[PDB]
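So that the names make sense, note that chain A is the first sequence line, chain B the second, and so on, each numbered from 1. All values below were derived from every heavy atom in this structure, side-chain atoms included, with hydrogens, water molecules and symmetry-related copies excluded. Whatever order the structure lists ligands and atoms in, that order sets their numbers, starting from 1.
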Number of protein chains: 2
Amino acid sequence: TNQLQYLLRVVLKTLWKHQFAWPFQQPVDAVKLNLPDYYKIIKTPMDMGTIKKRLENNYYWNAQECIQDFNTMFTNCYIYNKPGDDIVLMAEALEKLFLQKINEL
Amino acid sequence: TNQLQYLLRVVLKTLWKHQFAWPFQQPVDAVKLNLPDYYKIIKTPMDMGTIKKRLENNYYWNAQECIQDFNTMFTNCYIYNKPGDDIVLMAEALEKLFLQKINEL
Ligand SMILES: CCS(=O)(=O)Nc1ccc(OCCOCCOCCOCCOc2ccc(NS(=O)(=O)CC)cc2-c2cn(C)c(=O)c3ccccc23)c(-c2cn(C)c(=O)c3ccccc23)c1
Ligand SMILES: [Cl-]
Ligand SMILES: [Cl-]
Ligand SMILES: [Cl-]
Ligand SMILES: [Cl-]
């Protein structure tokens, strides 16, 4: 079974319908959210809308490159936000689901 | 001074750049937010993205029709949510600003 295909049809598909997914479906808009230094602190922004476009448009060399984009999404969230913030609890729940889907591949 | 023009160039513009505006810039997406009764309770959904489109596309008969869309946006929020919810504090702050700009015509 092709792993990029699985990341698109299973992993992304599963994360996207999760009740905590909506803050991660598009780039963090630091201007609208009034987030100071977000772009100073987060040098490589990432989100599942960008990942979806990259899967649909042949961007990735391999599955590991797409997995590291998911991980960049999670770690950006942990780096910027304080532990126990709602957004961090949401990211952690999605990351657990992501790991479950990746471990079944 | 034409009131619809003022609603577009001053009132909407001022609310839109407010730090609490981003939840109101597009329709409430009840499936993504997991609000499984929103459309049963809210029969006339409204948001500032819809208002912007209506102002830009000649929808309104007059300024009172547009002001009632703003008011529908606020009252939808008060009807659906708990008093003291974050979204309600945000709507109330925007509504104060809206009233300030409307009172200054
Ligand atoms: C410009 C937004 S974005 O493009 O950047 N996306 C986005 C959104 C939230 C994000 O954080 C989520 C937590 O934020 C804290 C700010 O307090 C939240 C207070 O709000 C309550 C939710 O209210 C809405 C939000 C969006 C949307 N719209 S919608 O289309 O229906 C949604 C499906 C609608 C509502 C909403 C509107 N009404 C009128 C309602 O009656 C209502 C009733 C119940 C539930 C929701 C609503 C982030 C984000 C992502 N990451 C990775 C970060 O590290 C991060 C770090 C700091 C702050 C934010 C983030 C990104
Ligand atoms: Cl999807
Ligand atoms: Cl969960
Ligand atoms: Cl605008
Ligand atoms: Cl304020």
Identify the closest protein heavy atom to [atom]: which residue and atom is it, and at what distance?
{"atom": "atom 23 (O) of ligand 1", "value": "B:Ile87 CD1, 3.7 Å"}
{"atom": "atom 22 (C) of ligand 1", "value": "A:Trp22 CH2, 4.4 Å"}
{"atom": "atom 19 (C) of ligand 1", "value": "B:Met90 SD, 4.1 Å"}
{"atom": "atom 58 (C) of ligand 1", "value": "A:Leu35 CD1, 4.0 Å"}
{"atom": "atom 24 (C) of ligand 1", "value": "B:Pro23 CB, 3.7 Å"}

Is [X] reaching over with its side chain to a backbone N or O of [Y], donor-acceptor style, under 3.5 angstrom?
{"X": "A:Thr75", "Y": "A:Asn71", "value": "yes"}
{"X": "B:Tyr59", "Y": "B:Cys66", "value": "no"}
{"X": "A:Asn103", "Y": "A:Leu99", "value": "no"}
{"X": "A:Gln25", "Y": "A:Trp16", "value": "yes"}
{"X": "A:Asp47", "Y": "A:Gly49", "value": "yes"}

Any idea which part of B:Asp29 is under 4.0 Å from ligand 1, heavy-atom wise: side chain, backbone, both or neither? both

Does the pair B:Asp37/B:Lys40 count as a salt bridge with the N-to-O cut at 4.0 Å? no

Step by step, would you call A:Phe24 with A:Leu15 a side-chain contact (heavy atoms from CB on, under 4.5 Å)? CA-CA 10 Å; A:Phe24 303 89; A:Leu15 262 54; over 6 Å; no

State, to 0.1 Å, how close B:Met46 and B:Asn76 come at their nearest heavy-atom pair, and which atoms those are. N-ND2, 3.5 Å

Is there a path from A:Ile79 to A:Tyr39 through hydrophobic residues (I, L, V, M, F, W, Y) whose side chains come within less than 4.5 Å of each other? yes

Closest to atom 30 (O) of ligand 1 (judged by heavy-atom distance), picking from A:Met46, B:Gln26, A:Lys32: B:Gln26

Closest heavy-atom approach to atom 43 (C) of ligand 1 among A:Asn81, B:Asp85, B:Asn81 is made by B:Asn81

In the complex you have, is atom 15 (C) of ligand 1 within reach of the protein, judged by whether a heavy-atom distance drops under 4.0 Å? no

Look at atom 50 (C) of ligand 1 and say whether a protein heavy atom is found at less than 4.0 angstrom from it. yes

Tell me whether B:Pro27 reaches ligand 1 (any heavy atom closer than 4.0 angstrom to a ligand atom). yes

Measuring from non-hydrogen atoms of A:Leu33 to any atom of ligand 1, is the shortest distance under 4.0 Å? yes

With heavy-atom distances below 4.0 Å as the criterion, list the atoms of ligand 1 near A:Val28. 5 (O), 50 (C), 51 (N), 52 (C), 53 (C)

